[PDB]
$ cat data_15.cif   # mmCIF, C-alpha atoms
data_run
loop_
_atom_site.label_atom_id
_atom_site.label_comp_id
_atom_site.auth_asym_id
_atom_site.auth_seq_id
_atom_site.Cartn_x
_atom_site.Cartn_y
_atom_site.Cartn_z
CA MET A 1 109.32 72.69 -39.06
CA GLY A 2 108.88 76.34 -37.85
CA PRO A 3 109.37 80.00 -38.89
CA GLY A 4 113.23 79.79 -39.10
CA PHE A 5 113.04 76.88 -41.60
CA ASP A 6 110.17 78.74 -43.44
CA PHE A 7 112.41 81.81 -44.06
CA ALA A 8 115.45 79.57 -44.94
CA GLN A 9 113.28 77.50 -47.40
CA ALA A 10 111.97 80.79 -49.02
CA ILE A 11 115.61 81.85 -49.76
CA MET A 12 116.76 78.40 -50.95
CA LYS A 13 113.75 77.90 -53.30
CA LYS A 14 114.28 81.21 -55.26
CA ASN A 15 117.82 82.55 -54.46
CA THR A 16 120.26 79.57 -54.76
CA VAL A 17 121.99 77.72 -57.65
CA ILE A 18 124.47 74.81 -57.69
CA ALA A 19 127.92 76.30 -58.60
CA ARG A 20 130.66 73.91 -59.88
CA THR A 21 134.33 75.01 -60.17
CA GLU A 22 137.52 72.82 -60.50
CA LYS A 23 137.50 72.91 -56.64
CA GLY A 24 134.02 71.13 -56.44
CA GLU A 25 130.25 71.84 -56.02
CA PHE A 26 129.09 74.79 -53.82
CA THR A 27 125.77 76.26 -52.65
CA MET A 28 125.72 79.70 -54.34
CA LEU A 29 123.44 82.52 -53.07
CA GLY A 30 122.00 84.83 -55.77
CA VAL A 31 121.57 88.36 -54.32
CA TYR A 32 120.11 90.56 -57.17
CA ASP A 33 120.17 90.83 -61.03
CA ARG A 34 122.95 88.33 -62.15
CA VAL A 35 125.09 88.89 -58.99
CA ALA A 36 125.80 85.94 -56.62
CA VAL A 37 128.33 85.07 -53.86
CA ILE A 38 130.55 82.01 -53.24
CA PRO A 39 133.47 81.27 -50.82
CA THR A 40 136.72 82.63 -52.30
CA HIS A 41 138.36 79.14 -51.93
CA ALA A 42 135.98 77.95 -54.76
CA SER A 43 138.62 79.65 -57.04
CA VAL A 44 136.09 81.04 -59.62
CA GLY A 45 137.66 81.35 -63.13
CA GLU A 46 136.42 82.67 -66.52
CA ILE A 47 133.84 79.81 -66.85
CA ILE A 48 131.67 78.25 -64.07
CA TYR A 49 128.87 75.58 -64.17
CA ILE A 50 125.51 76.86 -62.74
CA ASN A 51 122.98 73.98 -62.31
CA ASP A 52 125.25 72.00 -64.79
CA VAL A 53 125.08 74.79 -67.51
CA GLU A 54 128.42 76.20 -68.79
CA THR A 55 128.28 79.92 -67.80
CA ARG A 56 130.71 82.76 -68.67
CA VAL A 57 131.80 84.76 -65.55
CA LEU A 58 131.36 88.51 -66.40
CA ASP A 59 133.24 89.65 -63.23
CA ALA A 60 134.56 88.06 -60.02
CA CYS A 61 135.86 90.06 -57.04
CA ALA A 62 137.48 88.45 -53.96
CA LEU A 63 136.50 90.87 -51.16
CA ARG A 64 139.06 92.14 -48.61
CA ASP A 65 138.49 94.67 -45.78
CA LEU A 66 140.20 98.11 -45.64
CA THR A 67 143.00 96.48 -43.48
CA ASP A 68 143.62 94.42 -46.75
CA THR A 69 142.50 91.21 -44.91
CA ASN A 70 140.65 88.31 -46.64
CA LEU A 71 136.81 88.30 -46.16
CA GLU A 72 136.45 84.85 -47.96
CA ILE A 73 133.49 86.25 -50.09
CA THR A 74 133.78 86.30 -53.91
CA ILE A 75 131.09 88.40 -55.62
CA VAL A 76 130.39 86.87 -59.06
CA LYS A 77 128.45 88.38 -61.99
CA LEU A 78 127.07 85.54 -64.21
CA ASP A 79 126.33 85.69 -67.97
CA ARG A 80 122.92 84.15 -67.16
CA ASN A 81 119.64 84.78 -69.09
CA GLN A 82 117.63 85.24 -65.85
CA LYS A 83 117.77 87.65 -62.82
CA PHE A 84 117.59 86.62 -59.15
CA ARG A 85 114.83 87.92 -56.91
CA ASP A 86 116.35 91.03 -55.21
CA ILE A 87 116.99 89.98 -51.53
CA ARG A 88 119.31 92.90 -50.60
CA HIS A 89 116.68 94.26 -48.09
CA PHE A 90 117.22 91.00 -46.07
CA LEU A 91 120.98 91.78 -45.60
CA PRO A 92 122.19 93.26 -42.29
CA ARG A 93 123.80 96.71 -42.39
CA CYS A 94 126.23 96.07 -39.44
CA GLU A 95 128.40 93.27 -37.92
CA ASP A 96 126.26 91.59 -35.20
CA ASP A 97 125.53 88.44 -33.15
CA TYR A 98 122.28 86.48 -33.71
CA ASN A 99 120.02 83.93 -32.06
CA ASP A 100 118.47 80.83 -33.60
CA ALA A 101 120.15 80.58 -37.07
CA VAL A 102 119.61 77.93 -39.85
CA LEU A 103 122.39 76.78 -42.24
CA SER A 104 120.78 75.67 -45.57
CA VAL A 105 122.68 73.66 -48.27
CA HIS A 106 121.61 72.45 -51.72
CA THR A 107 124.11 70.31 -53.70
CA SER A 108 124.04 66.92 -55.58
CA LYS A 109 125.54 65.42 -52.32
CA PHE A 110 123.22 67.35 -49.87
CA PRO A 111 119.88 68.34 -51.53
CA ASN A 112 117.28 70.26 -49.39
CA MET A 113 119.49 70.22 -46.24
CA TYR A 114 118.55 72.56 -43.29
CA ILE A 115 120.59 72.64 -40.03
CA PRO A 116 119.38 74.51 -36.91
CA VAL A 117 122.81 75.79 -35.70
CA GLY A 118 121.44 77.91 -32.78
CA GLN A 119 123.33 81.00 -31.49
CA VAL A 120 125.76 82.84 -33.84
CA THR A 121 128.78 84.74 -32.36
CA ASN A 122 130.42 87.73 -34.09
CA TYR A 123 133.78 85.84 -33.81
CA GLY A 124 135.84 88.36 -35.87
CA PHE A 125 139.36 87.12 -36.68
CA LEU A 126 139.92 83.49 -37.81
CA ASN A 127 143.03 81.82 -39.25
CA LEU A 128 141.03 79.99 -41.98
CA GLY A 129 143.10 77.20 -43.62
CA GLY A 130 146.22 79.32 -42.89
CA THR A 131 144.68 82.62 -44.22
CA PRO A 132 143.97 85.49 -41.77
CA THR A 133 140.22 86.23 -42.27
CA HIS A 134 137.94 88.93 -40.73
CA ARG A 135 134.13 89.31 -40.14
CA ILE A 136 133.74 85.59 -39.19
CA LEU A 137 130.44 84.30 -37.67
CA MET A 138 130.69 81.16 -35.46
CA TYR A 139 128.05 78.54 -34.49
CA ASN A 140 128.57 75.41 -32.32
CA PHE A 141 127.55 72.79 -34.94
CA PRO A 142 129.99 70.12 -36.23
CA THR A 143 129.90 71.00 -39.99
CA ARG A 144 131.73 68.60 -42.40
CA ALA A 145 132.95 68.61 -46.06
CA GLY A 146 130.12 69.71 -48.44
CA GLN A 147 128.59 72.70 -46.49
CA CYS A 148 130.74 75.53 -48.07
CA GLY A 149 128.55 78.29 -49.62
CA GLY A 150 125.63 77.16 -47.41
CA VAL A 151 123.34 80.10 -46.53
CA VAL A 152 123.06 81.26 -42.90
CA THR A 153 119.69 82.92 -42.09
CA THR A 154 117.56 84.07 -39.16
CA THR A 155 113.85 84.97 -39.48
CA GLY A 156 113.97 88.11 -41.67
CA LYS A 157 117.77 88.16 -42.35
CA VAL A 158 120.37 86.52 -44.64
CA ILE A 159 123.53 86.94 -42.46
CA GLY A 160 126.40 84.87 -44.00
CA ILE A 161 127.73 82.02 -46.12
CA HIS A 162 129.43 78.90 -44.67
CA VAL A 163 133.25 78.91 -45.34
CA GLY A 164 134.78 76.38 -42.86
CA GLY A 165 134.85 74.45 -39.57
CA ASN A 166 137.17 72.71 -37.03
CA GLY A 167 134.96 69.61 -36.35
CA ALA A 168 133.20 71.16 -33.26
CA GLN A 169 132.35 74.66 -34.69
CA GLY A 170 131.29 76.06 -38.13
CA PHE A 171 132.32 79.49 -39.51
CA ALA A 172 130.49 81.80 -41.96
CA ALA A 173 131.67 84.97 -43.77
CA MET A 174 129.31 87.90 -42.95
CA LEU A 175 127.10 89.30 -45.73
CA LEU A 176 126.60 93.08 -45.37
CA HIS A 177 124.20 95.32 -47.38
CA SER A 178 127.18 97.60 -48.30
CA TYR A 179 128.82 94.75 -50.33
CA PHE A 180 125.96 94.99 -52.97
CA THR A 181 125.22 98.74 -53.42
CA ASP A 182 125.10 99.71 -57.18
#

$ encode --input "data_15.cif" --output "structure tokens"
Amino acid sequence: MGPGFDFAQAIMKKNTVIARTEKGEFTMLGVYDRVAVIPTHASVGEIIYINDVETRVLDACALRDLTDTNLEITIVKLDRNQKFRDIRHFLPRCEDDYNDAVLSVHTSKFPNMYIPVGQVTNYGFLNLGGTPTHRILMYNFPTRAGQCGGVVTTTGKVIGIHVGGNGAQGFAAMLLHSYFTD
């Protein structure tokens, strides 16, 4: 509809895949080369389906902060025959708040879904399904079941992936440039 949805659509069209684990289907953001991210509760194993293709997992790392607290981001390296467009220059360097964000989802259940979620708070600590979690972003949209992995963007920035909600609010794990230095 406008420049927020334009930037969101540009990321979805080139930098997402449908990830299937034994825990269900997730939006999965490709970041560079064969490296992608998914919520840690997807429980990535040795084999994953990527757009319904059986794919060996070369590495999978559940991120935690230096306090040894869950970040709810798993960085996955895929045995895929094709690289992602490198979008690391769209990642923020620091924890921050944002205006006018879009949550974008692409699954079997929710194809080509874009949600204007409005203002994003640097919320920090969240007890997420019983697990203490840091670097949480919050938006006042009633997200449901089927949004996990969904990409949170502003114009110019990819800021997080959707990991949960309480029925009134949705919560995203921050993406930071420092997660993907090589």

$ resolve_selection --input "data_15.cif" --expression "the PyMOL selection byres ((chain A and resi 137-149) around 6)" --output "ChimeraX atom specification"
/A:26-28,38-39,117,120-123,136,150,161-163,167-172

$ write_last_selection --input "data_15.cif" --atoms "C-alpha atoms" --output "short mmCIF file (atom, residue, chain, number, x, y, z; two decimals), in the coordinates of the input"
data_model
loop_
_atom_site.label_atom_id
_atom_site.label_comp_id
_atom_site.auth_asym_id
_atom_site.auth_seq_id
_atom_site.Cartn_x
_atom_site.Cartn_y
_atom_site.Cartn_z
CA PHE A 26 129.09 74.79 -53.82
CA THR A 27 125.77 76.26 -52.65
CA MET A 28 125.72 79.70 -54.34
CA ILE A 38 130.55 82.01 -53.24
CA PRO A 39 133.47 81.27 -50.82
CA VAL A 117 122.81 75.79 -35.70
CA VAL A 120 125.76 82.84 -33.84
CA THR A 121 128.78 84.74 -32.36
CA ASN A 122 130.42 87.73 -34.09
CA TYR A 123 133.78 85.84 -33.81
CA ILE A 136 133.74 85.59 -39.19
CA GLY A 150 125.63 77.16 -47.41
CA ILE A 161 127.73 82.02 -46.12
CA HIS A 162 129.43 78.90 -44.67
CA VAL A 163 133.25 78.91 -45.34
CA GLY A 167 134.96 69.61 -36.35
CA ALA A 168 133.20 71.16 -33.26
CA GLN A 169 132.35 74.66 -34.69
CA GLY A 170 131.29 76.06 -38.13
CA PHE A 171 132.32 79.49 -39.51
CA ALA A 172 130.49 81.80 -41.96
#

$ closest_residue --input "data_15.cif" --among "A:4, A:93, A:30, A:71" --to "residue 155 of chain A" --atoms "all atoms listed in the file"
A:4

$ resolve_selection --input "data_15.cif" --expression "the PyMOL selection byres ((chain A and resi 159) around 8)" --output "ChimeraX atom specification"
/A:91-92,151-154,157-158,160-161,174-176

$ residues_near_point --input "data_15.cif" --point "(128.3, 82.9, -66.7)" --cutoff "9 Å" --atoms "all atoms listed in the file" --output "list in words"
residues 34, 46, 47, 48, 49, 50, 53, 54, 55, 56, 57, 58, 76, 77, 78, 79 and 80 of chain A

$ closest_residue --input "data_15.cif" --among "A:1, A:37, A:42, A:87" --to "residue 63 of chain A" --atoms "only C-alpha atoms"
A:37

$ resolve_selection --input "data_15.cif" --expression "the PyMOL selection byres ((chain A and resi 11) around 9)" --output "JSON, numbers by chain"
{"A": [6, 7, 8, 9, 10, 12, 13, 14, 15, 16, 29, 87, 151, 153, 158]}

$ atom_distance --input "data_15.cif" --atom1 "atom CA of residue 179 of chain A" --atom2 "atom CA of residue 104 of chain A"
21.2 Å

$ atom_distance --input "data_15.cif" --atom1 "atom CA of residue 102 of chain A" --atom2 "atom CA of residue 116 of chain A"
4.5 Å

$ atom_distance --input "data_15.cif" --atom1 "atom CA of residue 133 of chain A" --atom2 "atom CA of residue 41 of chain A"
12.1 Å

$ residues_around --input "data_15.cif" --residues "residue 43 of chain A" --least-positions-apart "2" --cutoff "9 Å" --atoms "all atoms listed in the file" --output "list in words"
residues 21, 22, 23, 39, 40, 41, 45 and 74 of chain A

$ closest_residue --input "data_15.cif" --among "A:36, A:2, A:125, A:130" --to "residue 88 of chain A" --atoms "all atoms listed in the file"
A:36

$ closest_residue --input "data_15.cif" --among "A:95, A:73, A:180, A:66" --to "residue 35 of chain A" --atoms "all atoms listed in the file"
A:180
